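Trainee: The structure under discussion is supplied below as structure tokens; questions concerning it will follow.
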Amino acid sequence: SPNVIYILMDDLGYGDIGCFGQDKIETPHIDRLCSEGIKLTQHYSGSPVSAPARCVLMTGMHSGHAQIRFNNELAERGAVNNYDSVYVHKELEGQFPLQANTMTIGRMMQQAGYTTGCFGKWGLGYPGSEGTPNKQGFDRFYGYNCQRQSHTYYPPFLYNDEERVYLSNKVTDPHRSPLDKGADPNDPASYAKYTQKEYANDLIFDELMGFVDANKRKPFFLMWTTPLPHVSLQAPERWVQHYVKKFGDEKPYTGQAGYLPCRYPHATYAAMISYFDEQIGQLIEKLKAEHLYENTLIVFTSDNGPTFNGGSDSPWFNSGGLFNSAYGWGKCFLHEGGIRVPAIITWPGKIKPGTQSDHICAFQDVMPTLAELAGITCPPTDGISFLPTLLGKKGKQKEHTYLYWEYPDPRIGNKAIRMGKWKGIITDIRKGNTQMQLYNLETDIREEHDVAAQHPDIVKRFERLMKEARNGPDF
Ligand SMILES: CC(=O)N[C@@H]1[C@@H](O)[C@@H](O)[C@@H](CO)O[C@@H]1O
Ligand SMILES: [Ca+2]
């Protein structure tokens, strides 16, 4: 049973990496990883936003059964949105917690004899809660507890396990840091103040690499939950200038769609992904140098589709790849662009290199996949192992009858079914819509031609399957 490294990026689109059709952003180390293993083309998140996606991944329950189904900031605690206040009061930090003793893939691997580590972002329980990573199957955590904290890459503190470590960075509000009055938005010097001393991603990486170095002679399960490339747009000047040379001059971002101003939004978004790409390259080098490469399975994927704010330009990068990526088509929505994420798995000598599988699978499936892989009986799950697909034993690959998603956000409210080529969506539920849109993904991959009235049989079946699939209060 091998080492497992699960690399989860944050708001990385289906088409944001070279091996899924990206033409502008250079991802050589990720493309190399794809060439050395299997490419999954119909792999789905638990959810089109961060916390619930991660909840489905950690717990092997789909969004219709999961504890966390939306980003819940527990605003009743007080000034949770005030960055001065969160710095003073950790009680105000972070998100709705996982319940005590929740079986997670961390906990499951721990009981199998793995040393478990999570490096990057949590988002699944506030500090002091029973939902903290160390109380949810991780021997080791470093990085952001809080999805709001990661809105800046120069935060005043991070977490080493249960403890804050204070950095040399000053406290900032990345939503209330506009340019100085009368500062030229075309002058790069106007953006100098957004760069401080300690880039969180440098520190997260050094801690991940130290964990690998420390457990290099033991079975380890390591989750690299990088906040990249989630806004704000901040990257080392090295990588920004590389893409300023390639793309040329561009319109600056002044903060109109939230998060920090950025002189070069295109160059910086590309810089963020290629910088992380370079870190994966350094990790592969270390695994090879320590003779771990053959005995380590690596997953690379994203928690949801690409975003529409913070100076992102998903359409310009075609971050959806096959899918539309404008507001309504990506992040926050149950369109394919929102819930379908690029996936690579390598395990040198076991997974045939440069192969592809269109097998319909999702984040719930990771729990049973890892259970089969590590040779321990699978806990209760909505998932189905896709290990047979990874090892090219397609004969013994069980199939989901259908997949269900719900995103009960306060404003819009979404449900979706996929059953074969058929994709049903109900959106605007909070406005009292119950009318389903129906797309044939074989003939309409971009979901541009609603044909619900031409298949009332399929709509009725999907309405029934939506009732059967879900737990808890309806919306
Ligand atoms: C669309 C957008 O900006 N989404 C983010 C989301 O990704 C997460 O960071 C959240 C805090 O939990 O804050 C925002 O809602
Ligand atoms: Ca995300």
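Each chain of the structure tokens is named A, B, ... in the order shown, its residues numbered from 1; ligands are numbered from 1 in display order.
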Using DSSP on the backbone, list every residue of region 4-201 of chain A that comes out as strand (DSSP E or B), and give them as number ranges by chain.

Mentor: A: 4-9, 38-40, 43-44, 115-121, 140-144, 157-160, 163-166

Trainee: Write the residues of the preceding selection, restricted to C-alpha atoms, as a PDB file, in the first residue's frame.

Mentor:
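Listing of part-v8.pdb after writing:
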```pdb
ATOM      1  CA  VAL A   4      -0.782   9.105  -1.275  1.00  0.00           C
ATOM      2  CA  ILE A   5      -0.388  12.858  -2.136  1.00  0.00           C
ATOM      3  CA  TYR A   6      -3.796  14.535  -2.937  1.00  0.00           C
ATOM      4  CA  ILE A   7      -3.211  18.012  -4.538  1.00  0.00           C
ATOM      5  CA  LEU A   8      -6.451  20.113  -4.484  1.00  0.00           C
ATOM      6  CA  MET A   9      -6.300  23.606  -6.080  1.00  0.00           C
ATOM      7  CA  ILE A  38      -4.241   8.638 -16.295  1.00  0.00           C
ATOM      8  CA  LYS A  39      -6.412  11.695 -17.238  1.00  0.00           C
ATOM      9  CA  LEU A  40     -10.055  11.694 -15.905  1.00  0.00           C
ATOM     10  CA  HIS A  43     -14.581  13.840 -12.720  1.00  0.00           C
ATOM     11  CA  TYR A  44     -16.932  15.994 -10.548  1.00  0.00           C
ATOM     12  CA  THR A 115       0.846   9.490   9.113  1.00  0.00           C
ATOM     13  CA  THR A 116      -1.669  12.162   7.893  1.00  0.00           C
ATOM     14  CA  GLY A 117      -0.940  15.809   6.943  1.00  0.00           C
ATOM     15  CA  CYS A 118      -2.988  18.724   5.497  1.00  0.00           C
ATOM     16  CA  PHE A 119      -1.061  21.771   4.071  1.00  0.00           C
ATOM     17  CA  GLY A 120      -2.795  24.864   2.567  1.00  0.00           C
ATOM     18  CA  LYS A 121      -6.428  25.729   3.533  1.00  0.00           C
ATOM     19  CA  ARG A 140      -0.278  17.526  11.064  1.00  0.00           C
ATOM     20  CA  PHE A 141      -1.832  20.792   9.692  1.00  0.00           C
ATOM     21  CA  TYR A 142      -0.168  24.014   8.424  1.00  0.00           C
ATOM     22  CA  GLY A 143      -1.742  27.045   6.677  1.00  0.00           C
ATOM     23  CA  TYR A 144      -5.146  28.840   6.684  1.00  0.00           C
ATOM     24  CA  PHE A 157      -0.917  34.626  10.910  1.00  0.00           C
ATOM     25  CA  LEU A 158      -1.346  30.966   9.847  1.00  0.00           C
ATOM     26  CA  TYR A 159      -1.908  27.748  11.899  1.00  0.00           C
ATOM     27  CA  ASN A 160       0.721  25.148  12.846  1.00  0.00           C
ATOM     28  CA  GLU A 163      -1.696  27.008  17.275  1.00  0.00           C
ATOM     29  CA  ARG A 164      -1.521  30.404  15.505  1.00  0.00           C
ATOM     30  CA  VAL A 165       1.996  31.330  14.256  1.00  0.00           C
ATOM     31  CA  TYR A 166       2.140  35.144  13.791  1.00  0.00           C
TER      32      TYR A 166
END
```

Trainee: Residues contacting ligand 2 - anything with an atom at most 6 Å away, using only C-alpha atoms and all ligand atoms - can you give me those as number ranges by chain?

Mentor: A: 10-11, 49-50, 303-304

Trainee: What do you get as a list in words if you pick all residues at most 9 Å from ligand 1, counting only C-alpha atoms and all ligand atoms?

Mentor: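 These are the residues that qualify: residues 10, 11, 49, 50, 51, 70, 71, 72, 73, 94, 95, 123, 146, 147, 148, 149, 150, 151, 230, 231, 257, 258, 259, 307, 308, 309, 310, 331 and 332 of chain A.
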
Trainee: Between A:189, A:61, A:233, A:86, which is the closest to residue 383 (chain A) once you count only C-alpha atoms?

Mentor: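 For residue 383 (chain A), the nearest of the candidates is A:61.
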
Trainee: Using only C-alpha atoms, which residue out of A:41, A:358, A:394, A:126 lies closest to residue 77 (chain A)?

Mentor: A:126

Trainee: Contacts of residue 112 (chain A) at 12 Å or less, counting only C-alpha atoms, minus same-chain residues fewer than 3 places along, as a compact mmCIF listing (two decimals) with N, CA, C and O atoms, in the first residue's frame?

Mentor:
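Just written: part_11.txt:
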```txt
# COMPACT_ATOMS: atom_id res chain seq x y z
N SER A 1 0.86 -1.23 0.00
CA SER A 1 0.00 0.00 0.00
C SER A 1 0.87 1.25 0.00
O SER A 1 1.65 1.48 0.93
N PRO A 2 0.75 2.13 -1.02
CA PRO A 2 1.70 3.22 -1.24
C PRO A 2 1.39 4.51 -0.48
O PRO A 2 0.31 4.64 0.06
N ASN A 3 2.34 5.44 -0.50
CA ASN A 3 2.13 6.85 -0.08
C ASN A 3 1.08 7.45 -1.02
O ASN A 3 1.02 7.03 -2.19
N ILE A 105 -11.45 10.89 5.37
CA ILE A 105 -10.38 10.13 4.66
C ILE A 105 -9.07 10.25 5.45
O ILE A 105 -8.29 9.28 5.43
N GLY A 106 -8.85 11.36 6.15
CA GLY A 106 -7.72 11.53 7.08
C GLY A 106 -7.75 10.49 8.18
O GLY A 106 -6.76 9.73 8.31
N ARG A 107 -8.86 10.43 8.92
CA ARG A 107 -9.10 9.49 10.04
C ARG A 107 -8.98 8.05 9.54
O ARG A 107 -8.28 7.25 10.19
N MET A 108 -9.64 7.73 8.42
CA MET A 108 -9.64 6.38 7.81
C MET A 108 -8.20 5.94 7.52
O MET A 108 -7.86 4.80 7.87
N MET A 109 -7.38 6.81 6.92
CA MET A 109 -5.96 6.50 6.57
C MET A 109 -5.12 6.38 7.85
O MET A 109 -4.27 5.46 7.90
N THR A 115 0.64 8.15 8.50
CA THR A 115 0.85 9.49 9.11
C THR A 115 0.18 10.52 8.19
O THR A 115 0.57 10.59 7.00
N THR A 116 -0.80 11.27 8.71
CA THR A 116 -1.67 12.16 7.89
C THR A 116 -1.25 13.62 8.09
O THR A 116 -0.88 14.00 9.22
N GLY A 137 -8.79 13.86 11.72
CA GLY A 137 -7.99 12.77 11.12
C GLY A 137 -6.65 13.22 10.57
O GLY A 137 -6.05 12.44 9.80
N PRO A 219 4.66 5.14 5.81
CA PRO A 219 3.47 5.42 5.01
C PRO A 219 2.85 6.78 5.38
O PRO A 219 2.54 6.97 6.54
N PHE A 220 2.70 7.69 4.42
CA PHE A 220 2.08 9.02 4.66
C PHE A 220 0.96 9.29 3.65
O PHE A 220 1.07 8.87 2.47
N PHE A 221 -0.11 9.92 4.15
CA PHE A 221 -1.26 10.47 3.39
C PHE A 221 -1.25 11.99 3.58
O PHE A 221 -1.50 12.46 4.72
N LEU A 370 -9.52 5.11 -1.81
CA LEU A 370 -8.38 5.06 -0.87
C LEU A 370 -8.51 3.83 0.03
O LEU A 370 -7.46 3.22 0.33
N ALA A 371 -9.73 3.46 0.42
CA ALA A 371 -10.01 2.27 1.26
C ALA A 371 -9.56 1.01 0.52
O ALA A 371 -8.80 0.22 1.10
N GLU A 372 -10.00 0.84 -0.73
CA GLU A 372 -9.60 -0.32 -1.58
C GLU A 372 -8.07 -0.31 -1.74
O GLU A 372 -7.46 -1.39 -1.57
N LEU A 373 -7.49 0.86 -2.00
CA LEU A 373 -6.03 1.05 -2.26
C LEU A 373 -5.22 0.63 -1.02
O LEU A 373 -4.24 -0.12 -1.20
N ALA A 374 -5.61 1.06 0.18
CA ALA A 374 -4.87 0.83 1.45
C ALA A 374 -5.25 -0.51 2.09
O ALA A 374 -4.61 -0.88 3.10
N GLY A 375 -6.25 -1.21 1.54
CA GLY A 375 -6.65 -2.57 1.94
C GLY A 375 -7.34 -2.61 3.29
O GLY A 375 -7.09 -3.58 4.04
N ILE A 376 -8.19 -1.62 3.59
CA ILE A 376 -9.02 -1.55 4.84
C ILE A 376 -10.49 -1.47 4.42
O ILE A 376 -10.76 -0.90 3.36
N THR A 377 -11.41 -2.04 5.21
CA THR A 377 -12.86 -2.03 4.91
C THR A 377 -13.34 -0.57 4.91
O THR A 377 -13.00 0.18 5.84
N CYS A 378 -14.07 -0.20 3.85
CA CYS A 378 -14.60 1.15 3.60
C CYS A 378 -15.67 1.50 4.63
O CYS A 378 -16.57 0.70 4.90
```

Trainee: Rank A:238, A:251, A:69, A:423 by their smallest atom-to-atom distance to residue 475 (chain A), using only C-alpha atoms, and report the top residue only.

Mentor: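 Between A:238, A:251, A:69, A:423, the residue approaching residue 475 (chain A) most closely is A:69.
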
Trainee: Tell me, as number ranges by chain, which residues lie within 12 Å of region 320-325 of chain A, counting only C-alpha atoms; anything in the same chain fewer than 6 positions away does not count.

Mentor: A: 11-23, 41-42, 304-309, 312-314, 331-342, 441, 444-448

Trainee: Quick one: of A:54, A:65, A:266, A:352, who's nearest to residue 250 (chain A), counting only C-alpha atoms?

Mentor: A:266
